[PDB]
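Note that these values count all heavy atoms, side chains included, but never hydrogens, waters or copies made by symmetry. In what follows, chains are A, B, ... by sequence order, proteins preceding strands, each numbered from 1.
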Amino acid sequence: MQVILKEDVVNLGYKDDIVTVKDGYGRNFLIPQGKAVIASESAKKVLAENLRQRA
Amino acid sequence: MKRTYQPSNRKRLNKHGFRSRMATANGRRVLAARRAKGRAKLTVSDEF
Amino acid sequence: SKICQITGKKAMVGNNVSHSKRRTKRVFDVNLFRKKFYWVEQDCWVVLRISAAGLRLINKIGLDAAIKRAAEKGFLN
Amino acid sequence: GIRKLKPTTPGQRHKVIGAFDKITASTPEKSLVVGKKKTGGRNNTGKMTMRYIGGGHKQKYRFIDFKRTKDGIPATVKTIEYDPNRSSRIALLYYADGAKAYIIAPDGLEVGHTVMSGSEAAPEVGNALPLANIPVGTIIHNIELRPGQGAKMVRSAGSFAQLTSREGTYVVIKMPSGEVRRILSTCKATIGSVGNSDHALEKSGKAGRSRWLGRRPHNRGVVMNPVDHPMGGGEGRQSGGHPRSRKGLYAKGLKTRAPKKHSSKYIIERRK
RNA sequence: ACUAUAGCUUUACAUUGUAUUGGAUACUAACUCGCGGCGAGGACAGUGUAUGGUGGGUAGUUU
RNA sequence: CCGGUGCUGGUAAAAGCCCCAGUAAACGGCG
RNA sequence: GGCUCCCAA
RNA sequence: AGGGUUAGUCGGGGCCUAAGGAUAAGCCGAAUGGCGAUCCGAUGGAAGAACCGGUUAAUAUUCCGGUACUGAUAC
RNA sequence: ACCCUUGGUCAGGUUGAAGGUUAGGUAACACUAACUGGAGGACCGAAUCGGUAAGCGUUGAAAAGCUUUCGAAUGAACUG
Ligand SMILES: [K+]
Ligand SMILES: [K+]
Ligand SMILES: [K+]
Ligand SMILES: [Mg+2]
Ligand SMILES: [Mg+2]
Ligand SMILES: [Mg+2]
Ligand SMILES: [Mg+2]
Ligand SMILES: [Mg+2]
Ligand SMILES: [Mg+2]
Ligand SMILES: [Mg+2]
Ligand SMILES: [Mg+2]
Ligand SMILES: [Mg+2]
């Protein structure tokens with residue numbers, strides 16, 4: 001899986017960054033508990049736009 | 001001696017009656033075949 | 001209706017083939033299971049009867065896209 | 001106690017039945033009984049899945065409180081009664097709240113006694129306590145397997161178990177079968193052993209009593225034909241080969257407990 | 001007897017994740033069970049595919 | 001009588017098998 | 001009808 | 001060919017449930033479908049309630065003469 | 001054939017288990033005798049269920065019977 005972080009997570013951090021994870025760690029923990037979301041193209045574009053605007 | 005046919009109207013209708021035939025897909029198959037052959041007596045319900 | 005709700009996969013029919021080429025009818029079953037998913041876009045929980053292939057598609061394109069695709073293709077019901 | 005029949009008839013020569021010396025009432029409690037239907041070993045498709053079952057005396061089911069969730073409410077023992085559904089006797093209880101219930105009658109429980117359930121109950125015979133509250137070395141029965149699910153373990157007439165030691169969240173219990181195993185300390189057990197321990201001394205005497213109890217004759221496999229049983233066939237008597245069932249399952253020492261069952265982590269020593 | 005096969009059983013991949021110290025231990029969030037959220041387990045178990053054993057229980061045959 | 005036969009223990013991408021031990025109110029034998 | 005006895009209740 | 005079976009009170013049904021059957025919510029499953037707690041289902045439980053006498057070719061506790069009783073309904 | 005639910009049937013006679021009461025007896029139970037009691041896949045035997053032996057029948061009255069004889073007959077009974 002590829003996920004865009006929505007919070008800070010120990011051992012894989014950088015809140016609001018794109019990181020690849022195992023499918024289970026991210027389908028069964030991260031997304032349901034609210035840390036990170038799936039890294040679809042729309043989400044990637046939205047995050048890129050926000051980072052570009054805040055740069 | 002006791003023979004094989006021991007009549008009972010309730011059992012006859014429960015086993016071979018029109019509603020018993022209509023309750024099952026294979027019973028409706030039997031009814032369709034009998035209608036196609038053109039039987040005047042469709043089921044034991046027709047008899048008296 | 002034992003069938004994957006995301007891909008529409010159902011059981012296949014084939015043969016067991018022995019070394020002497022004896023052929024016996026058999027069914028290839030789907031790696032099917034029931035799983036619960038958190039729908040983020042609707043903020044709720046859903047239960048889907050899916051295959052491992054359906055789970056791969058969900059983990060590839062997200063749950064919302066997979067559900068909308070399956071509904072468009074008719075697999076969802 | 002038991003009563004040995006005098007040999008006035010051949011069907012009574014070897015008959016020993018119970019004395020019924022503990023029973024104090026003959027009529028069951030009407031609100032706690034219901035008529036029970038029989039199976040001839042037939043399942044819901046009508047096919048006989050279990051053999052040698054059929055007929056027998058008509059019976060009514062008695063509601064037994066195997067859970068005992070009325071914590072802290074004292075109850076009075078009213079009667080000791082016969083139950084056709086189990087080998088032990090049962091006891092009628094009147095709670096101070098006004099409820100009624102049936103419990104398995106332990107050895108030594110008399111009409112007029114008081115019983116209680118829950119942690120604050122005294123560890124006296126008939127009381128139901130979580131195993132965390134029972135002193136080590138006590139004779140117990142009616143042991144829960146999961147907390148709140150009701151007693152499952154030690155229920156037959158005369159049977160008892162022992163709390164040998166405790167190890168935190170689990171206690172160690174020795175079973176009637178001789179197995180030693182770990183039980184969650186939040187599960188409940190009743191103090192004392194099940195009564196009617198003379199139930200094992202009874203002899204039917206004749207085939208009619210088995211028929212009354214609802215058993216049907218059992219046929220040996222060696223007196224069948226090969227088409228019916230793997231052990232059948234032959235001219236004259238024959239031994240039938242290695243003992244096995246109709247489906248060829250060996251009947252001498254082959255183990256059938258699932259080898260990967262999870263509960264084997266709680267079983268210290270095994271004995272069947 | 002020859003050849004298959006239901007069932008049973010073994011291992012690998014999937015379901016299936018995290019940390020410590022690899023080879024084990026631990027965790028909880030997948031999954032399983034119990035009581036009416038709480039409790040008990042837990043990446044095992046069960047299930048799918050593949051695979052080696054076993055298999056007159058069943059079948060087709062030969063002699 | 002445990003020698004025989006059963007039963008119980010300690011390849012694809014480990015079982016087994018071996019070996020040892022046990023079991024006859026297991027099948028079986030008592031030249 | 002009730003009563004007594006019994007257990008297979 | 002003609003005639004002959006007459007009920008508020010007899011029997012049944014209308015009411016209730018047993019075995020079993022059909023189903024709801026759900027579960028399972030190439031299809032046809034298989035299961036699954038309310039309904040159906042007497043061989044059981046309630047029925048709201050009489051007898052006497054006479055009479056036909058063929059009916060009678062049903063017709064008639066007495067004697068009664070029961071259920072609803074308008075004061 | 002087996003099972004499930006709900007009903008029904010079994011003339012008459014005999015024997016005499018447990019238990020009980022009354023006397024004796026014991027430190028006390030036990031234990032003896034009489035009366036009572038009425039158990040039992042108990043006995044004899046109709047209905048009933050079954051089918052032992054012989055005779056008869058064998059294009060039979062009957063595609064399995066009849067007569068005599070015989071088993072069980074409160075039960076693992078028979079039957080709607
Ligand atoms: K036998
Ligand atoms: K065989
Ligand atoms: K008759
Ligand atoms: Mg024979
Ligand atoms: Mg011989
Ligand atoms: Mg063969
Ligand atoms: Mg051929
Ligand atoms: Mg109804
Ligand atoms: Mg007339
Ligand atoms: Mg007799
Ligand atoms: Mg006679
Ligand atoms: Mg007799």
Side-chain angles (χ1 to χ4, degrees), chain A residues 10-11 21-30 32-33, chain B residues 1 10 14 23 25-26, chain C residues 1-3 10-13 16 18-20 22-24 26-36 50-53 55-56, chain D residues 3 5-12 17-18 20 23 26-28 35 37-42 44-46 48 53-60 67 69 81-85 145-150 169 184 186 205-217 230 239-255 258-263 265:
Chain A
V10 165
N11 263 83
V21 294
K22 267 135 149 65
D23 285 10
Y25 190 52
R27 166 71 36 211
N28 298 323
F29 188 58
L30 295 177
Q33 321 276 276
Chain B
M1 336 160 59
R10 189 62 145 111
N14 282 349
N26 286 134
Chain C
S1 69
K2 162 154 83 174
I3 169 182
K10 67 206 274 143
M12 211 162 78
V13 168
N16 292 300
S18 75
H19 176 62
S20 61
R22 301 255 314 117
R23 276 160 222 277
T24 284
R26 86 165 268 196
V27 160
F28 289 84
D29 273 308
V30 171
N31 192 6
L32 201 72
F33 49 85
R34 234 172 268 269
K35 204 183 146 98
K36 68 163 196 245
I50 53 140
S51 63
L55 188 47
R56 289 223 322 151
Chain D
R3 180 160 78 88
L5 271 298
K6 277 190 158 157
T8 65
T9 54
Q12 282 179 115
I17 56 163
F20 307 119
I23 276 150
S26 84
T27 313
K37 311 304 190 183
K38 270 155 165 40
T39 83
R42 275 87 170 155
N44 62 347
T45 87
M48 199 200 48
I53 298 154
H57 209 287
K58 187 194 229 188
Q59 294 171 336
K60 290 208 272 247
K67 283 178 152 134
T69 64
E81 295 191 2
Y82 178 88
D83 196 347
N85 304 287
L145 192 56
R146 300 159 188 87
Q149 206 200 6
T169 51
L184 270 163
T186 39
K206 63 184 206 179
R209 185 154 190 284
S210 307
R211 303 309 301 270
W212 306 337
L213 292 175
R215 300 300 295 189
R216 289 201 292 135
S239 195
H242 294 116
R244 50 220 196 277
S245 70
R246 278 170 186 80
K247 294 177 89 206
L249 195 78
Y250 197 51
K252 300 272 162 205
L254 164 86
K255 283 165 192 48
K260 260 191 267 209
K261 211 176 171 184
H262 170 85
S263 54
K265 109 184 294 276

Which base, if any, makes a Watson-Crick or G-U wobble pair with [N], both distances under 3.5 Å?
N      : answer
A12(E) : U49(E)
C63(H) : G54(H)
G4(H)  : none
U58(E) : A4(E)
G22(F) : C7(F)
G20(H) : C40(H)
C38(E) : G34(E)
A47(H) : none

Sugar-phosphate only, base, or nothing, as touched by [X] at under 4.0 Å among non-hydrogen atoms:
X       : value
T45(D)  : nothing
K255(D) : sugar-phosphate
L249(D) : nothing

statement: In RNA chain I, consecutive runs of at least three Watson-Crick or G-U pairs below 3.5 Å, as range with range, amount to I:6-9 with I:77-80, I:12-14 with I:42-44, I:19-24 with I:31-36, I:53-56 with I:65-68
For [N] and [M], measure between their [atom1] atoms and round to the nearest Å.
N      : M      : atom1 : answer
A72(I) : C78(I) : P     : 15 Å
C40(H) : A50(H) : P     : 30 Å
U17(H) : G13(H) : P     : 16 Å
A25(F) : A21(F) : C1'   : 23 Å
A39(I) : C66(I) : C1'   : 43 Å
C16(H) : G41(H) : P     : 9 Å
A43(E) : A26(E) : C1'   : 13 Å

Taking only the side-chain heavy atoms of [X] (C-beta and beyond), determine which of [options] contains the nearest atom.
X       : options                : result
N11(A)  : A29(E), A18(I), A19(E) : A19(E)
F28(C)  : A26(F), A50(E), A76(I) : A50(E)
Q12(D)  : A40(E), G36(H), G40(I) : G40(I)
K260(D) : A9(G), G46(E), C31(E)  : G46(E)

query: Do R211(D) side-chain and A76(I) base share a donor-acceptor contact under 3.5 Å?
result: yes
- request: Mark this stacking check for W212(D) against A8(G) as yes or no, applying ring centres under 5.5 Å and ring planes under 30°.
  value: yes
field: Ring-on-base stacking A9(G) with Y82(D) (under 5.5 Å, under 30°)
entry: yes
statement: Those stems involving RNA chain G that have three or more consecutive Watson-Crick or G-U pairs, both distances under 3.5 Å, are none
query: Atom CG of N85(D) and atom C1' of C7(G): how far apart are they, to the nearest Å?
result: 15 Å
